[PDB]
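Visitor: One file: start20.txt (compact mmCIF, N, CA and C atoms).
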```txt
# COMPACT_ATOMS: atom_id res chain seq x y z
N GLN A 1 -31.95 1.25 -34.19
CA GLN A 1 -30.62 1.25 -33.60
C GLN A 1 -30.42 0.05 -32.68
N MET A 2 -31.30 -0.38 -31.97
CA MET A 2 -31.23 -1.54 -31.08
C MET A 2 -31.04 -2.82 -31.88
N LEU A 3 -31.73 -2.95 -33.02
CA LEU A 3 -31.65 -4.14 -33.86
C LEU A 3 -30.28 -4.25 -34.51
N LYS A 4 -29.78 -3.16 -34.84
CA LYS A 4 -28.46 -3.15 -35.47
C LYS A 4 -27.37 -3.49 -34.46
N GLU A 5 -27.39 -3.06 -33.30
CA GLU A 5 -26.41 -3.32 -32.25
C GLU A 5 -26.46 -4.78 -31.80
N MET A 6 -27.49 -5.58 -32.02
CA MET A 6 -27.68 -6.94 -31.52
C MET A 6 -27.33 -7.96 -32.60
N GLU A 7 -26.89 -7.65 -33.68
CA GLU A 7 -26.62 -8.56 -34.79
C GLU A 7 -25.58 -9.60 -34.42
N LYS A 8 -24.49 -9.27 -33.82
CA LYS A 8 -23.42 -10.18 -33.45
C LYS A 8 -23.90 -11.22 -32.44
N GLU A 9 -24.62 -10.91 -31.56
CA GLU A 9 -25.17 -11.80 -30.55
C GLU A 9 -26.14 -12.80 -31.18
N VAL A 10 -26.86 -12.32 -32.10
CA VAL A 10 -27.81 -13.20 -32.77
C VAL A 10 -27.06 -14.31 -33.50
N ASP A 11 -26.00 -13.92 -34.03
CA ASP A 11 -25.21 -14.89 -34.78
C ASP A 11 -24.66 -15.98 -33.86
N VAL A 12 -24.13 -15.71 -32.82
CA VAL A 12 -23.61 -16.65 -31.84
C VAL A 12 -24.71 -17.61 -31.39
N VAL A 13 -25.77 -17.05 -31.17
CA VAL A 13 -26.89 -17.85 -30.68
C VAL A 13 -27.39 -18.77 -31.79
N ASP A 14 -27.42 -18.31 -32.86
CA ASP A 14 -27.85 -19.15 -33.98
C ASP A 14 -26.92 -20.34 -34.17
N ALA A 15 -25.64 -20.09 -33.94
CA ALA A 15 -24.66 -21.15 -34.13
C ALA A 15 -24.92 -22.31 -33.17
N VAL A 16 -25.36 -22.12 -32.09
CA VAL A 16 -25.66 -23.13 -31.08
C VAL A 16 -27.01 -23.76 -31.36
N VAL A 17 -27.88 -22.87 -31.71
CA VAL A 17 -29.25 -23.34 -31.93
C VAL A 17 -29.29 -24.25 -33.16
N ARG A 18 -28.63 -24.03 -34.06
CA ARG A 18 -28.64 -24.84 -35.27
C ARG A 18 -27.78 -26.08 -35.11
N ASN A 19 -23.52 -60.54 -34.95
CA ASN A 19 -22.45 -60.02 -35.79
C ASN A 19 -21.38 -59.30 -34.97
N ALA A 20 -21.42 -59.55 -33.70
CA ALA A 20 -20.46 -58.82 -32.88
C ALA A 20 -19.16 -59.60 -32.71
N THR A 21 -18.14 -59.57 -33.76
CA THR A 21 -16.82 -60.16 -33.64
C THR A 21 -15.83 -59.15 -33.05
N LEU A 22 -15.27 -59.53 -31.98
CA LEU A 22 -14.41 -58.60 -31.26
C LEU A 22 -12.94 -58.95 -31.46
N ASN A 23 -12.16 -58.00 -32.17
CA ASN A 23 -10.71 -58.09 -32.26
C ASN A 23 -10.03 -57.27 -31.16
N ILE A 24 -9.48 -57.89 -30.25
CA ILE A 24 -8.88 -57.21 -29.11
C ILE A 24 -7.44 -56.82 -29.44
N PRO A 25 -7.10 -55.62 -29.34
CA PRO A 25 -5.76 -55.13 -29.65
C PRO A 25 -4.70 -55.63 -28.68
N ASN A 26 -3.37 -55.80 -29.10
CA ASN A 26 -2.27 -56.37 -28.33
C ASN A 26 -2.02 -55.57 -27.05
N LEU A 27 -2.21 -54.24 -27.27
CA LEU A 27 -2.00 -53.39 -26.11
C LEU A 27 -2.93 -53.78 -24.97
N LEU A 28 -4.22 -54.09 -25.28
CA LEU A 28 -5.22 -54.45 -24.28
C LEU A 28 -4.99 -55.87 -23.76
N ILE A 29 -4.55 -56.74 -24.64
CA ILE A 29 -4.24 -58.11 -24.25
C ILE A 29 -3.10 -58.10 -23.24
N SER A 30 -2.07 -57.23 -23.58
CA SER A 30 -0.93 -57.12 -22.69
C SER A 30 -1.34 -56.58 -21.32
N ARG A 31 -2.27 -55.68 -21.33
CA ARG A 31 -2.75 -55.12 -20.07
C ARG A 31 -3.54 -56.15 -19.27
N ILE A 32 -4.41 -56.89 -19.95
CA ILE A 32 -5.27 -57.87 -19.30
C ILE A 32 -4.42 -59.01 -18.73
N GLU A 33 -3.28 -59.42 -19.52
CA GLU A 33 -2.40 -60.49 -19.08
C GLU A 33 -1.61 -60.09 -17.85
N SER A 34 -1.15 -58.75 -17.82
CA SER A 34 -0.37 -58.24 -16.69
C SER A 34 -1.24 -58.10 -15.44
N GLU A 35 -2.52 -57.87 -15.60
CA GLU A 35 -3.42 -57.64 -14.47
C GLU A 35 -4.40 -58.80 -14.31
N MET A 36 -3.99 -59.93 -15.04
CA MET A 36 -4.90 -61.07 -15.12
C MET A 36 -5.38 -61.48 -13.73
N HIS A 37 -4.46 -61.32 -12.58
CA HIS A 37 -4.79 -61.78 -11.23
C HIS A 37 -5.86 -60.89 -10.60
N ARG A 38 -5.90 -59.74 -11.05
CA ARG A 38 -6.81 -58.75 -10.48
C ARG A 38 -8.13 -58.71 -11.26
N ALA B 1 -51.36 33.99 -62.46
CA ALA B 1 -52.05 32.72 -62.22
C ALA B 1 -51.09 31.55 -62.33
N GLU B 2 -50.25 31.62 -63.31
CA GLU B 2 -49.26 30.57 -63.50
C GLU B 2 -48.29 30.52 -62.32
N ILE B 3 -47.83 31.48 -61.80
CA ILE B 3 -46.93 31.56 -60.65
C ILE B 3 -47.61 30.96 -59.42
N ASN B 4 -48.85 31.26 -59.26
CA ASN B 4 -49.59 30.74 -58.12
C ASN B 4 -49.70 29.22 -58.17
N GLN B 5 -49.91 28.65 -59.33
CA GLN B 5 -50.01 27.21 -59.48
C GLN B 5 -48.68 26.53 -59.18
N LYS B 6 -47.70 27.01 -59.65
CA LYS B 6 -46.38 26.43 -59.45
C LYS B 6 -45.91 26.62 -58.01
N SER B 7 -46.25 27.66 -57.46
CA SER B 7 -45.93 27.88 -56.06
C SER B 7 -46.63 26.86 -55.16
N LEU B 8 -47.81 26.50 -55.46
CA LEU B 8 -48.55 25.50 -54.70
C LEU B 8 -47.91 24.12 -54.85
N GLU B 9 -47.58 23.86 -56.05
CA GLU B 9 -46.92 22.59 -56.32
C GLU B 9 -45.62 22.46 -55.52
N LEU B 10 -44.90 23.44 -55.47
CA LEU B 10 -43.64 23.49 -54.73
C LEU B 10 -43.89 23.29 -53.24
N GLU B 11 -44.88 23.92 -52.75
CA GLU B 11 -45.20 23.81 -51.33
C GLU B 11 -45.62 22.39 -50.97
N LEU B 12 -46.32 21.78 -51.88
CA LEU B 12 -46.78 20.42 -51.64
C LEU B 12 -45.62 19.44 -51.65
N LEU B 13 -44.77 19.62 -52.52
CA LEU B 13 -43.62 18.74 -52.64
C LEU B 13 -42.67 18.91 -51.46
N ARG B 14 -42.56 19.96 -51.00
CA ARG B 14 -41.73 20.23 -49.83
C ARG B 14 -42.31 19.56 -48.59
N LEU B 15 -43.56 19.58 -48.45
CA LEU B 15 -44.21 18.93 -47.31
C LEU B 15 -44.02 17.42 -47.37
N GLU B 16 -44.12 16.89 -48.54
CA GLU B 16 -43.95 15.45 -48.73
C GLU B 16 -42.52 15.02 -48.43
N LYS B 17 -41.57 15.68 -48.74
CA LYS B 17 -40.16 15.37 -48.53
C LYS B 17 -39.81 15.44 -47.04
N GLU B 18 -40.31 16.28 -46.42
CA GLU B 18 -39.99 16.49 -45.01
C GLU B 18 -40.57 15.37 -44.15
N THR B 19 -41.61 14.65 -44.59
CA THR B 19 -42.28 13.64 -43.78
C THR B 19 -42.13 12.26 -44.41
N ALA B 20 -41.23 12.04 -45.32
CA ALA B 20 -41.12 10.79 -46.07
C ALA B 20 -40.64 9.65 -45.17
N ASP B 21 -39.74 9.80 -44.24
CA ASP B 21 -39.13 8.79 -43.38
C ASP B 21 -40.18 8.09 -42.52
N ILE B 22 -41.28 8.71 -42.37
CA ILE B 22 -42.27 8.14 -41.48
C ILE B 22 -43.59 7.92 -42.23
N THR B 23 -43.51 8.22 -43.37
CA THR B 23 -44.80 8.13 -44.03
C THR B 23 -44.69 7.38 -45.35
N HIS B 24 -43.69 7.45 -46.06
CA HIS B 24 -43.58 6.83 -47.37
C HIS B 24 -43.43 5.32 -47.26
N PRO B 25 -44.06 4.59 -48.13
CA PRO B 25 -44.07 3.13 -48.12
C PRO B 25 -42.67 2.53 -48.23
N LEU B 26 -41.83 3.15 -48.85
CA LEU B 26 -40.48 2.63 -49.05
C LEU B 26 -39.73 2.56 -47.72
N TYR B 27 -39.73 3.52 -47.04
CA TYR B 27 -39.01 3.56 -45.77
C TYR B 27 -39.72 2.72 -44.72
N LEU B 28 -40.96 2.70 -44.79
CA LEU B 28 -41.71 1.88 -43.85
C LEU B 28 -41.52 0.39 -44.14
N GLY B 29 -41.39 0.05 -45.31
CA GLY B 29 -41.11 -1.32 -45.71
C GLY B 29 -39.78 -1.84 -45.18
N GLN B 30 -38.80 -1.11 -45.17
CA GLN B 30 -37.49 -1.47 -44.66
C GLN B 30 -37.54 -1.71 -43.15
N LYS B 31 -38.19 -1.04 -42.49
CA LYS B 31 -38.37 -1.20 -41.05
C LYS B 31 -39.13 -2.49 -40.74
N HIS B 32 -39.99 -2.87 -41.55
CA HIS B 32 -40.76 -4.09 -41.39
C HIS B 32 -39.87 -5.33 -41.54
N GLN B 33 -39.08 -5.25 -42.43
CA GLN B 33 -38.20 -6.38 -42.70
C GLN B 33 -37.23 -6.62 -41.55
N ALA B 34 -36.66 -5.63 -41.06
CA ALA B 34 -35.75 -5.73 -39.93
C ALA B 34 -36.46 -6.30 -38.70
N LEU B 35 -37.67 -5.95 -38.55
CA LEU B 35 -38.45 -6.43 -37.41
C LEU B 35 -38.83 -7.89 -37.58
N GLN B 36 -39.09 -8.37 -38.73
CA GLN B 36 -39.48 -9.75 -39.00
C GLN B 36 -38.30 -10.70 -38.79
N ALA B 37 -37.16 -10.30 -39.08
CA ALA B 37 -35.95 -11.11 -38.90
C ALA B 37 -35.68 -11.36 -37.42
N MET B 38 -35.83 -10.45 -36.68
CA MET B 38 -35.64 -10.57 -35.24
C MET B 38 -36.74 -11.42 -34.62
N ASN B 39 -37.87 -11.37 -35.08
CA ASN B 39 -38.98 -12.17 -34.58
C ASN B 39 -38.75 -13.66 -34.81
N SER B 40 -38.39 -13.89 -35.92
CA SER B 40 -38.10 -15.28 -36.25
C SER B 40 -36.99 -15.84 -35.37
N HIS B 41 -35.92 -15.08 -35.20
CA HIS B 41 -34.80 -15.46 -34.35
C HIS B 41 -35.25 -15.74 -32.92
N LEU B 42 -36.10 -14.92 -32.39
CA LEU B 42 -36.55 -15.07 -31.01
C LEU B 42 -37.48 -16.28 -30.88
N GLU B 43 -38.17 -16.52 -31.86
CA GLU B 43 -39.02 -17.70 -31.84
C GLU B 43 -38.18 -18.98 -31.74
N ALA B 44 -37.10 -18.94 -32.37
CA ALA B 44 -36.20 -20.09 -32.38
C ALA B 44 -35.54 -20.28 -31.02
N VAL B 45 -35.14 -19.24 -30.49
CA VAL B 45 -34.52 -19.27 -29.17
C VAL B 45 -35.51 -19.81 -28.14
N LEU B 46 -36.71 -19.47 -28.22
CA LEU B 46 -37.73 -19.91 -27.27
C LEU B 46 -38.09 -21.38 -27.49
N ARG B 47 -38.06 -21.74 -28.75
CA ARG B 47 -38.33 -23.14 -29.05
C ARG B 47 -37.26 -24.05 -28.45
N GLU B 48 -35.89 -23.70 -28.32
CA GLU B 48 -34.76 -24.51 -27.87
C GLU B 48 -34.34 -24.13 -26.46
N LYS B 49 -35.26 -23.79 -25.59
CA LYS B 49 -34.97 -23.24 -24.26
C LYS B 49 -34.38 -24.32 -23.34
N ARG B 50 -34.86 -25.48 -23.53
CA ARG B 50 -34.40 -26.56 -22.68
C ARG B 50 -32.94 -26.89 -22.95
N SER B 51 -32.58 -27.11 -24.21
CA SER B 51 -31.23 -27.45 -24.65
C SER B 51 -30.24 -26.35 -24.30
N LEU B 52 -30.74 -25.16 -24.50
CA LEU B 52 -29.87 -24.02 -24.20
C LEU B 52 -29.61 -23.91 -22.71
N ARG B 53 -30.60 -24.25 -21.95
CA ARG B 53 -30.45 -24.23 -20.50
C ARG B 53 -29.46 -25.29 -20.03
N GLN B 54 -29.57 -26.44 -20.57
CA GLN B 54 -28.69 -27.55 -20.24
C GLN B 54 -27.24 -27.22 -20.59
N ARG B 55 -27.05 -26.53 -21.69
CA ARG B 55 -25.71 -26.17 -22.13
C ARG B 55 -25.10 -25.11 -21.21
```
Have the structure of the file written as structure tokens, please.
Guide:
Amino acid sequence: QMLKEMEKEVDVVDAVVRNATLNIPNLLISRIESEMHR
Amino acid sequence: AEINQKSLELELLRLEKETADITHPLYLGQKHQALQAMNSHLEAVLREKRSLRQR
């Protein structure tokens, strides 16, 4: 009876247990240009 | 004499039926299997104690 009542818990537990070219996007360029002084 | 033999047989069979859940290999085998599954599960849990603790 104890083994049967623990089946759901076992399942949950089991689930847990188991050349660098840089293209910088415009959005980032725009940010860097706006904050260029900083 | 014939009645006596059959009566004994009946008595024996009745005794066997009444104690089968704890004595017969079939029923005992099923209990073994359920116990082995849980063992394995617990072994696994103990093996991953660190990760589980961190989580």
Visitor: Could you name the residues that touch residue 44 in chain B at 9 Å or less, counting only C-alpha atoms, but leaving out those on the same chain fewer than 4 positions away, as a ChimeraX atom specification?
Guide: /A:14,17 /B:39-40,48-49
Visitor: What gap, in Å, lies between atom C of residue 35 in chain B and CA of residue 2 in chain A?
Guide: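 Atom-to-atom, atom C of residue 35 in chain B to CA of residue 2 in chain A, that is 11.8 Å.
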Visitor: Figure out the distance between CA of residue 3 in chain A and CA of residue 36 in chain B, please, to one decimal in Å.
Guide: 10.9 Å
Visitor: Would you list the contacts of residue 4 in chain A as a count of residues only, taking every protein, DNA or RNA residue within 12 Å and counting only C-alpha atoms, but skipping same-chain residues closer than 6 positions in sequence?
Guide: 6
Visitor: Step one, run DSSP on the backbone; step two, keep only residues of chain A assigned to helix (DSSP H, G or I); then write them as a PyMOL selection string.
Guide: chain A and resi 2-5+7-17+26-34
Visitor: Could you write those residues out with N, CA and C atoms, as a PDB file, in the coordinates of the input?
Guide:
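Okay, again_23.pdb is ready:
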```
ATOM      1  N   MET A   2     -31.300  -0.380 -31.970  1.00  0.00           N
ATOM      2  CA  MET A   2     -31.230  -1.540 -31.080  1.00  0.00           C
ATOM      3  C   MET A   2     -31.040  -2.820 -31.880  1.00  0.00           C
ATOM      4  N   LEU A   3     -31.730  -2.950 -33.020  1.00  0.00           N
ATOM      5  CA  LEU A   3     -31.650  -4.140 -33.860  1.00  0.00           C
ATOM      6  C   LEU A   3     -30.280  -4.250 -34.510  1.00  0.00           C
ATOM      7  N   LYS A   4     -29.780  -3.160 -34.840  1.00  0.00           N
ATOM      8  CA  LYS A   4     -28.460  -3.150 -35.470  1.00  0.00           C
ATOM      9  C   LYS A   4     -27.370  -3.490 -34.460  1.00  0.00           C
ATOM     10  N   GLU A   5     -27.390  -3.060 -33.300  1.00  0.00           N
ATOM     11  CA  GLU A   5     -26.410  -3.320 -32.250  1.00  0.00           C
ATOM     12  C   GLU A   5     -26.460  -4.780 -31.800  1.00  0.00           C
ATOM     13  N   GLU A   7     -26.890  -7.650 -33.680  1.00  0.00           N
ATOM     14  CA  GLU A   7     -26.620  -8.560 -34.790  1.00  0.00           C
ATOM     15  C   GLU A   7     -25.580  -9.600 -34.420  1.00  0.00           C
ATOM     16  N   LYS A   8     -24.490  -9.270 -33.820  1.00  0.00           N
ATOM     17  CA  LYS A   8     -23.420 -10.180 -33.450  1.00  0.00           C
ATOM     18  C   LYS A   8     -23.900 -11.220 -32.440  1.00  0.00           C
ATOM     19  N   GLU A   9     -24.620 -10.910 -31.560  1.00  0.00           N
ATOM     20  CA  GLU A   9     -25.170 -11.800 -30.550  1.00  0.00           C
ATOM     21  C   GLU A   9     -26.140 -12.800 -31.180  1.00  0.00           C
ATOM     22  N   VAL A  10     -26.860 -12.320 -32.100  1.00  0.00           N
ATOM     23  CA  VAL A  10     -27.810 -13.200 -32.770  1.00  0.00           C
ATOM     24  C   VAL A  10     -27.060 -14.310 -33.500  1.00  0.00           C
ATOM     25  N   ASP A  11     -26.000 -13.920 -34.030  1.00  0.00           N
ATOM     26  CA  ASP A  11     -25.210 -14.890 -34.780  1.00  0.00           C
ATOM     27  C   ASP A  11     -24.660 -15.980 -33.860  1.00  0.00           C
ATOM     28  N   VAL A  12     -24.130 -15.710 -32.820  1.00  0.00           N
ATOM     29  CA  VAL A  12     -23.610 -16.650 -31.840  1.00  0.00           C
ATOM     30  C   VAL A  12     -24.710 -17.610 -31.390  1.00  0.00           C
ATOM     31  N   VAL A  13     -25.770 -17.050 -31.170  1.00  0.00           N
ATOM     32  CA  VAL A  13     -26.890 -17.850 -30.680  1.00  0.00           C
ATOM     33  C   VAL A  13     -27.390 -18.770 -31.790  1.00  0.00           C
ATOM     34  N   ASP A  14     -27.420 -18.310 -32.860  1.00  0.00           N
ATOM     35  CA  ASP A  14     -27.850 -19.150 -33.980  1.00  0.00           C
ATOM     36  C   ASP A  14     -26.920 -20.340 -34.170  1.00  0.00           C
ATOM     37  N   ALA A  15     -25.640 -20.090 -33.940  1.00  0.00           N
ATOM     38  CA  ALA A  15     -24.660 -21.150 -34.130  1.00  0.00           C
ATOM     39  C   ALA A  15     -24.920 -22.310 -33.170  1.00  0.00           C
ATOM     40  N   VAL A  16     -25.360 -22.120 -32.090  1.00  0.00           N
ATOM     41  CA  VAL A  16     -25.660 -23.130 -31.080  1.00  0.00           C
ATOM     42  C   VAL A  16     -27.010 -23.760 -31.360  1.00  0.00           C
ATOM     43  N   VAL A  17     -27.880 -22.870 -31.710  1.00  0.00           N
ATOM     44  CA  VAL A  17     -29.250 -23.340 -31.930  1.00  0.00           C
ATOM     45  C   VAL A  17     -29.290 -24.250 -33.160  1.00  0.00           C
ATOM     46  N   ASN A  26      -3.370 -55.800 -29.100  1.00  0.00           N
ATOM     47  CA  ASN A  26      -2.270 -56.370 -28.330  1.00  0.00           C
ATOM     48  C   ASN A  26      -2.020 -55.570 -27.050  1.00  0.00           C
ATOM     49  N   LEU A  27      -2.210 -54.240 -27.270  1.00  0.00           N
ATOM     50  CA  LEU A  27      -2.000 -53.390 -26.110  1.00  0.00           C
ATOM     51  C   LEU A  27      -2.930 -53.780 -24.970  1.00  0.00           C
ATOM     52  N   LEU A  28      -4.220 -54.090 -25.280  1.00  0.00           N
ATOM     53  CA  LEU A  28      -5.220 -54.450 -24.280  1.00  0.00           C
ATOM     54  C   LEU A  28      -4.990 -55.870 -23.760  1.00  0.00           C
ATOM     55  N   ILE A  29      -4.550 -56.740 -24.640  1.00  0.00           N
ATOM     56  CA  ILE A  29      -4.240 -58.110 -24.250  1.00  0.00           C
ATOM     57  C   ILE A  29      -3.100 -58.100 -23.240  1.00  0.00           C
ATOM     58  N   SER A  30      -2.070 -57.230 -23.580  1.00  0.00           N
ATOM     59  CA  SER A  30      -0.930 -57.120 -22.690  1.00  0.00           C
ATOM     60  C   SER A  30      -1.340 -56.580 -21.320  1.00  0.00           C
ATOM     61  N   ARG A  31      -2.270 -55.680 -21.330  1.00  0.00           N
ATOM     62  CA  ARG A  31      -2.750 -55.120 -20.070  1.00  0.00           C
ATOM     63  C   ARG A  31      -3.540 -56.150 -19.270  1.00  0.00           C
ATOM     64  N   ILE A  32      -4.410 -56.890 -19.950  1.00  0.00           N
ATOM     65  CA  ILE A  32      -5.270 -57.870 -19.300  1.00  0.00           C
ATOM     66  C   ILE A  32      -4.420 -59.010 -18.730  1.00  0.00           C
ATOM     67  N   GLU A  33      -3.280 -59.420 -19.520  1.00  0.00           N
ATOM     68  CA  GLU A  33      -2.400 -60.490 -19.080  1.00  0.00           C
ATOM     69  C   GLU A  33      -1.610 -60.090 -17.850  1.00  0.00           C
ATOM     70  N   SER A  34      -1.150 -58.750 -17.820  1.00  0.00           N
ATOM     71  CA  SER A  34      -0.370 -58.240 -16.690  1.00  0.00           C
ATOM     72  C   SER A  34      -1.240 -58.100 -15.440  1.00  0.00           C
TER      73      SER A  34
END
```
Visitor: What is the atom N of residue 13 in chain B-atom C of residue 1 in chain B distance in Å, reported with one decimal?
Guide: 16.7 Å
Visitor: Which residue gives the smallest distance to chain B among A:24, A:8, A:34, A:13, with all atoms listed in the file counted?
Guide: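 Once distances to chain B are computed over all atoms listed in the file, the minimum belongs to A:13.
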Visitor: Would you mind telling me which residue in B:19, B:4, B:30, B:51 lies nearest to chain A when using only C-alpha atoms?
Guide: B:51
Visitor: Calculated over only C-alpha atoms, which of the candidates A:28, A:36, A:6, A:20 has the smallest distance to chain B?
Guide: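 Looking only at the distances to chain B, the closest residue turns out to be A:6.
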Visitor: Which residue, B:3, B:45, B:8, B:15, has the smallest gap to chain A when you use all atoms listed in the file?
Guide: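 Once distances to chain A are computed over all atoms listed in the file, the minimum belongs to B:45.
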Visitor: Which one is closest to chain A: B:43, B:11, B:2, B:21? Count only C-alpha atoms.
Guide: B:43
Visitor: Rebuild range 27-44 of chain B so that it carries N, CA, C and O atoms, then output the result as a compact mmCIF listing (two decimals), in the frame of the given file.
Guide:
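part19.txt, freshly written:
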```txt
# COMPACT_ATOMS: atom_id res chain seq x y z
N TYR B 27 -39.73 3.52 -47.04
CA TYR B 27 -39.01 3.56 -45.77
C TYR B 27 -39.72 2.72 -44.72
O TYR B 27 -39.07 2.01 -43.94
N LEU B 28 -40.96 2.70 -44.79
CA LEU B 28 -41.71 1.88 -43.85
C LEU B 28 -41.52 0.39 -44.14
O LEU B 28 -41.45 -0.43 -43.22
N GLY B 29 -41.39 0.05 -45.31
CA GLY B 29 -41.11 -1.32 -45.71
C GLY B 29 -39.78 -1.84 -45.18
O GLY B 29 -39.69 -2.99 -44.75
N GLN B 30 -38.80 -1.11 -45.17
CA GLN B 30 -37.49 -1.47 -44.66
C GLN B 30 -37.54 -1.71 -43.15
O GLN B 30 -36.93 -2.66 -42.65
N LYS B 31 -38.19 -1.04 -42.49
CA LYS B 31 -38.37 -1.20 -41.05
C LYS B 31 -39.13 -2.49 -40.74
O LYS B 31 -38.76 -3.22 -39.82
N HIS B 32 -39.99 -2.87 -41.55
CA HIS B 32 -40.76 -4.09 -41.39
C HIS B 32 -39.87 -5.33 -41.54
O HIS B 32 -39.95 -6.25 -40.72
N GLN B 33 -39.08 -5.25 -42.43
CA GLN B 33 -38.20 -6.38 -42.70
C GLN B 33 -37.23 -6.62 -41.55
O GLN B 33 -37.01 -7.76 -41.15
N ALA B 34 -36.66 -5.63 -41.06
CA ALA B 34 -35.75 -5.73 -39.93
C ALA B 34 -36.46 -6.30 -38.70
O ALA B 34 -35.92 -7.17 -38.01
N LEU B 35 -37.67 -5.95 -38.55
CA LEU B 35 -38.45 -6.43 -37.41
C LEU B 35 -38.83 -7.89 -37.58
O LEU B 35 -38.74 -8.67 -36.63
N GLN B 36 -39.09 -8.37 -38.73
CA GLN B 36 -39.48 -9.75 -39.00
C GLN B 36 -38.30 -10.70 -38.79
O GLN B 36 -38.48 -11.81 -38.28
N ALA B 37 -37.16 -10.30 -39.08
CA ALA B 37 -35.95 -11.11 -38.90
C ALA B 37 -35.68 -11.36 -37.42
O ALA B 37 -35.37 -12.48 -37.02
N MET B 38 -35.83 -10.45 -36.68
CA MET B 38 -35.64 -10.57 -35.24
C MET B 38 -36.74 -11.42 -34.62
O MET B 38 -36.47 -12.25 -33.74
N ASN B 39 -37.87 -11.37 -35.08
CA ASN B 39 -38.98 -12.17 -34.58
C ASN B 39 -38.75 -13.66 -34.81
O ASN B 39 -38.95 -14.47 -33.90
N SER B 40 -38.39 -13.89 -35.92
CA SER B 40 -38.10 -15.28 -36.25
C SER B 40 -36.99 -15.84 -35.37
O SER B 40 -37.06 -16.98 -34.91
N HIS B 41 -35.92 -15.08 -35.20
CA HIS B 41 -34.80 -15.46 -34.35
C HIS B 41 -35.25 -15.74 -32.92
O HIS B 41 -34.91 -16.78 -32.35
N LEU B 42 -36.10 -14.92 -32.39
CA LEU B 42 -36.55 -15.07 -31.01
C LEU B 42 -37.48 -16.28 -30.88
O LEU B 42 -37.45 -16.98 -29.87
N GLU B 43 -38.17 -16.52 -31.86
CA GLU B 43 -39.02 -17.70 -31.84
C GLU B 43 -38.18 -18.98 -31.74
O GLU B 43 -38.52 -19.89 -30.98
N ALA B 44 -37.10 -18.94 -32.37
CA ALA B 44 -36.20 -20.09 -32.38
C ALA B 44 -35.54 -20.28 -31.02
O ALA B 44 -35.41 -21.41 -30.54
```
